[PDB]
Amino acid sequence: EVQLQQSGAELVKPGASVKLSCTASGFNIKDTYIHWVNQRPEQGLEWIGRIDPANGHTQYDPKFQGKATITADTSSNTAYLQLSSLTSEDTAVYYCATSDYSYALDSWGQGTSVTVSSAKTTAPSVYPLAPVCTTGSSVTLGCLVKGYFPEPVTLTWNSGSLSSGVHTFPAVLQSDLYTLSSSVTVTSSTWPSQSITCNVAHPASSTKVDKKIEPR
């Protein structure tokens, strides 16, 4: 199976430079073109360039010439995208993709989220949201992930085991701290007594918090 594993999220100051990696498995990257594409928040897709890992030969969208550099290391089946002199306008999700001779993009990595900002990293406070002080054969718990930076965080309920009934909401806002929330709805039974915990990772601040939800 053709698979592309991309490196983790990046915070990077303006003017600075960052290097992303794309690691392929289940095939040899020599036999493909590896492309990079970006997607700015709520926006469309845009080709950056590609490389022939058999060649080293690269092609770019002239507009990215000078700011993007694609390379590849065939001994580790990995391609790289180096970006330099970044600005806020480059804040985006960066994807790598395979093509054959056709250049149609047939397989895609999960993407790498790159935030360009002067703001300092901040870990979030994580607040268990319990219902007020009973049961209409349905009950909803909440998790409030507050005041962090940058995007992203990952939230799960009891380590992913609990998934249906889950609504996790896109982060806001602010000045300049993000706030995110998640609701989980379960059958009024198994809560309480069977305990529900939301699990939040803010990778940027190396934060990993499990907050059990408890009756007030």
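All residue numbers are counted from 1 along the displayed sequence.
Student: Which wins on mean Cα temperature factor, 20-28 or 204-212?
Tutor: According to the PDB entry, the answer is 204-212.
Student: Would 36-44 or 173-181 have the larger average of its C-alpha temperature factors, as given in the entry?
Tutor: According to the entry, 173-181 carries the higher average C-alpha B-factor.
Student: Of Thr58, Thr154, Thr168, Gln65, which one's C-alpha B factor is largest in the deposited record?
Tutor: Spelled out: the listed residue with the top C-alpha B-factor is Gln65.
Student: Would you check the entry's CA temperature factor for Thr121 and let me know if it's in the chain's lowest, middle or highest third?
Tutor: Within its chain, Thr121 is a middle-third residue by C-alpha B-factor, going by the deposited values.
Student: Once the chain's modelled residues are ordered by C-alpha B factor and cut into thirds, is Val114 in the lowest, middle or highest one?
Tutor: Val114: CA B-factor falls in the lowest third of its chain.
Student: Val145: which third of its chain by C-alpha temperature factor?
Tutor: Ranked within chain, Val145 CA B lands in the middle tercile.
Student: Split into thirds by Cα B-factor across the chain's modelled residues, where does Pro53 land: lowest, middle or highest?
Tutor: It belongs to the middle third of the chain when residues are ordered by C-alpha B-factor.
Student: What third of the chain, by the recorded C-alpha B-factor, contains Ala9?
Tutor: Ranked within chain, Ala9 CA B lands in the lowest tercile.
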